[PDB]
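Reviewing the structure listed below.
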Amino acid sequence: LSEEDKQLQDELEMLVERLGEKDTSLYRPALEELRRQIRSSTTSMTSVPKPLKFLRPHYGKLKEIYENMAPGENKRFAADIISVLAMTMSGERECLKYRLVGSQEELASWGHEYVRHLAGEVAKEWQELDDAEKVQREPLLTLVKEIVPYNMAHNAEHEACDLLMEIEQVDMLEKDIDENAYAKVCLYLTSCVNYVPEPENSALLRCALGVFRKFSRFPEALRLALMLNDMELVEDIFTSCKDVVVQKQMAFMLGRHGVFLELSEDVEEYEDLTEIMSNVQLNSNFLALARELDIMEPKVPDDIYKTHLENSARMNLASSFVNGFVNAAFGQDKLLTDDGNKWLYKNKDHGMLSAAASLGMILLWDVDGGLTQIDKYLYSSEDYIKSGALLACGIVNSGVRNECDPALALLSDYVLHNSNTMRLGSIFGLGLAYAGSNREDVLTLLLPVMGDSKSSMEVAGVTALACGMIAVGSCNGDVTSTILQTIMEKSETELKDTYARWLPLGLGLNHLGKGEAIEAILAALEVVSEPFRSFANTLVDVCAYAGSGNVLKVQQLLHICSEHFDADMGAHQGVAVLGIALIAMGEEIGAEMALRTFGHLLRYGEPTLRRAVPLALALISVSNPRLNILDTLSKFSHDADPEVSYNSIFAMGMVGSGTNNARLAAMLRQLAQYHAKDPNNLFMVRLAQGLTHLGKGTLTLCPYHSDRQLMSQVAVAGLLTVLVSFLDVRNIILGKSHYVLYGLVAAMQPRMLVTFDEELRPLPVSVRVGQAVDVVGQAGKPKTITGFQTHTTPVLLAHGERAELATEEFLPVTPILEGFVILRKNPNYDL
Amino acid sequence: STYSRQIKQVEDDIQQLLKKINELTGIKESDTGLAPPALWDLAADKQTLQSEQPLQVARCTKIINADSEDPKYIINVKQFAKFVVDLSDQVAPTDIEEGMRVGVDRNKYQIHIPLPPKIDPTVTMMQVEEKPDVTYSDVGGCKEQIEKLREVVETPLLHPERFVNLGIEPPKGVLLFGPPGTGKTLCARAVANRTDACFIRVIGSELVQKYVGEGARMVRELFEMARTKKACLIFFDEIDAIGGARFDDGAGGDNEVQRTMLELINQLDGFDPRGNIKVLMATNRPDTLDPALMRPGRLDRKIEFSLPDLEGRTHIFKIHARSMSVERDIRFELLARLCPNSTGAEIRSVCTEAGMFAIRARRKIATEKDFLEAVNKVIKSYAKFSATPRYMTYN
Ligand SMILES: Nc1ncnc2c1ncn2[C@@H]1O[C@H](COP(=O)(O)OP(=O)(O)OP(=O)(O)O)[C@@H](O)[C@H]1O
Ligand SMILES: [Mg+2]
């Protein structure tokens, strides 16, 4: 027993004796010392007064002192000691109570560990307090107006967000946000938006939006606005800024997301602002990029196939995709521009449909020049070539929104053309040409096509697909009425056709990411017959929660996969598997947690359930050639089930889409040898080889940009169109309808880092490119990249690779160094 | 600390859930080489154990009366016995040739399947399966060296059409020689990274074997397995281990290793055509190589990796200081001038030590003084151990 410890043990009696005297003259010196006695051990975080822990039973002698008389100074310091004794035990409605009723001095005077327990209490009791207890939060609010300023002072900022998120009072944070912690507070709660549910989903973003708006951080304010798909807030964010240099950067970000803004002519620099966001200069910027990467040389599919190292209508049609994919959006090809007639006519039947349309894909984003080349095939007498050239115009204008509209003009005259093939090349052309536009002009011109008597189910599906791309995530009322109308007007036998599966996607596309706005729509799907209703109900519900990660919805999806049927009744099971990927593609934690569940569907599953899980892997990790999925797919390329073999190989290509992975190409080359005598499997192998060398490695199909935080409506539409068509790979992809593989044209974007001057001209500087590192939590300045290297700016960024400027010569307009970035001279630099 | 109690509660549940998941799925053993149950096709395995009989590996020795309708095959079943057997009815008579390994059943020993030629497991491991992370952009000052290297070892395989039309037979051999640290293996690592054909890395010391004639055997099986590919690349790093010149010192000095070199010479240019193999040898002691090995048709191109010139040294400095946190005005041309005759290996170390001094001073940016001290420590202080002066006489 230490004498100093015994000295405090004496205060358990003699100081209480001083507080036991009737006169108040001895009350204050003992209590004031007792109040300071706590601070004596509070100066050390580990040191606590153990004799004080023996004073807990002594509160009975002090019970009347802090309760039975005036609260001036007798109860003031008497209760606070009990509060100090209250973090030692459970502290249910006690630690706060002596704090609430006792002294109302500065909170931090009692210790950082005390308030941390005190802060943990105020949230715990907040949930317990009901509506009738609103009179009980008067001192409760005062603490949080002082707890939050205390937390930011000692770099314990992340605890501050934890306080007012629990009490659902995130609003008051912005008033006390300082310049030294605005990024740290935003970076933390924005990372919580991937898991917290509605209504705290939007609300947490709104508070982060307010902080950025308050601190004039416009580029990162606009990023938050798009994530909330607030059409109104986008205009307010855009026009609030006065720095015109700052504003053109948004149009680059806004154009990359595919959302159009109709600015007023009164806005200064109106022209270039529209030009930048309309991606009209994307072709020149893309072409100038690859000129710096000296890959302008066209590539033959043989250079991709590498058959010289290897120890038909399908072959010619397969190589048409491999041709176009490799030099997509490049404008030059050694195989189609140079006497294309022999190659194009070397294909047969619907092979010429895709072969002709492949010419529009090598002119992707080349709206002006690309239209100059398809016209030669636009006058072809053969039914397929013109219609293939029709869809080629839509591919050419896909992803580019120019002011005056060519694509509608060249294809409007053919949406009611008597031959279905001529029609077929029209709607899919318009769908790609105006994906993510919500333009009523094209929609109203396209809407009666689905209701036509001459329109077959093949034409009926593409109209829903196309109209879905134009009105993706818009919840357009007009398209919902007609898509529902068509769905129930079709027969029981008519819905048996797998092309009928596309009508729900058009309805599902319209509500992409909208959430709970489907209960009215889902009620309408009740009236339609089975098993199409179960498929339609599952699909549209999935597209509703795309990129949301709502586990409750995924809980329903796994239950649909749980009950197996001894095909026809289990067609909907494939969509549920694709649903898990489409829902969990939001955050990394959910996506990787979904990979293991995909393996179990890949183990306990039935054929129709197991045929779609390769597609889920492609959607969940497109353009992300991670080894875990590739090895999972590699084992299952040579599977007994033909569709699983077909789907897995295609998934490998889409997983490595545009990555130009040397390891993946070696696997695909080996798969070509294994599947040489299987034309169907080899067609999938050939299809994958074209995708992995997409755009000569300068393009990506990943729907996410802005540090994998922004969801692109058009890209998911392009992907969903392809993978939902792959649920019947025998009849659609391998059949006569392989033009649906041109849906991913809507998902083609360049993995770009081009830094521009304030006058939009190229500005090559040294940058650091490496794998991104989470910067949540740890204070100070933690590095956000690991295993990084230094390149000049016009470099292709792989999935998950962040970029930081190596030097400080230029201050980026936006922290996110992706796509086109405007650089400004740093005034402190070269002081 | 407020969530500490709840975090451990959910962390333990996850661990309990993880263990419970492993109870149903099954993640165990892994010491008898058992695969995870997701890949277990038990129904098929039972069928394979009955439908697919095991086959014993045998070598055909002679075919008796091949012209007639009763062709009889003499097989050598390793250490078991020799049998005169007939061919199975599910394989063609023309598919079995004398001297080729075959698979025979255990009952009547009839040949059931032809088999690939036997290759030493060590020789099989010599082919590169994961390419290096080095490109030609990481080699500086070797512009002429690389173009000569590429147009023999890369261009013919990439674009063979440009040589057949003109009736051109491109060289099938390149010798890289120079002092240590000059980039001989660095260029070969760039070749393997870029190549699309099979790449086989063979270190000369790997060809030295305990027994007589074993080293020449591995050279035979090496070229046998290289010929099983449409186009192949063999890299002979440090060929001076086995490529030494022949001599007679009375005793049998280096007689065994000379035979390995004689076998390598025979496969490169002998009675038989070599094939589509394009060999590539690197040595820092080319003066020790046999004249027969250093002859065109075996080593057609002799690419010298001399120490870089001022432009080359400045280029290597740029390559190695690319990812560094260097200052503004690092006079890399001046640093290249401070090490007149220095290999690229020294330049890389100068870059490493230059940033190593900055780490020493708790500084995040390497200054020009740090490089000046690094040059003194590497080029000057470590000039006692420099391999350059002794090895330029050899090259
Ligand atoms: N031309 C060069 N450009 C850039 N770095 C170089 C160059 N030459 C050498 N280096 C660097 O120096 C190192 C020396 O290793 P390297 O394999 O090139 O040596 P070497 O010439 O094969 O030597 P040795 O004869 O001892 O086998 C390389 O790993 C590389 O990092
Ligand atoms: Mg070496």
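The chain as shown is numbered from 1 upward.
Per the header of the entry, the method used was electron microscopy, 2.9 Å.
Any Cβ shown, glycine's included, is placed from N, Cα and C.
Feature annotations, courtesy of Swiss-Prot:
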type	residues	note
MOD_RES	A:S103	phosphoserine
MOD_RES	A:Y150	phosphotyrosine
REPEAT	A:354-387	repeat 'PC 1'
REPEAT	A:388-424	repeat 'PC 2'
REPEAT	A:425-459	repeat 'PC 3'
REPEAT	A:462-496	repeat 'PC 4'
MOD_RES	A:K496	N6-acetyllysine
REPEAT	A:505-534	repeat 'PC 5'
REPEAT	A:615-646	repeat 'PC 6'
REGION	A:631-826	region 'Required for interaction with UBLCP1'
REPEAT	A:665-680	repeat 'PC 7'
Practice task
With H, G and I counted as helix, E and B as strand and the rest as coil, say where DSSP puts the residue listed as 'phosphoserine'.
Solution key: coil
Practice task
May I ask which residues of the same chain, at least 6 positions away in sequence, place their Cβ under 8 angstroms from the Cβ of the residue listed as 'phosphotyrosine'?
Solution key: A:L107, A:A108, A:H112, A:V115
Practice task
Count, for each of A:354-387, A:388-424, A:462-496, A:665-680, the Cβ pairs lying under 8 Å from the repeat 'PC 5' (A:505-534), and report the range with the highest count.
Solution key: A:462-496
Exercise for the section: Sort out the sequence-distant neighbours of the residue listed as 'phosphoserine' for me: same chain, 6+ apart, CB within less than 8 Å of its CB, listed by position. Expected result: A:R35, A:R76, A:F77, A:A79, A:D80
Handout entry: Secondary structure content of the repeat 'PC 5' (A:505-534), with strand meaning DSSP E or B
Key = 17 helix, 0 strand, 13 coil
Exercise for the section: Please work out the helix, strand and coil residue numbers for the repeat 'PC 4' (A:462-496) from the DSSP assignment. Expected result: 25 helix, 0 strand, 10 coil
Completion exercise
DSSP puts the residues of the repeat 'PC 3' (A:425-459) at 23 helix, 0 strand, 12 coil
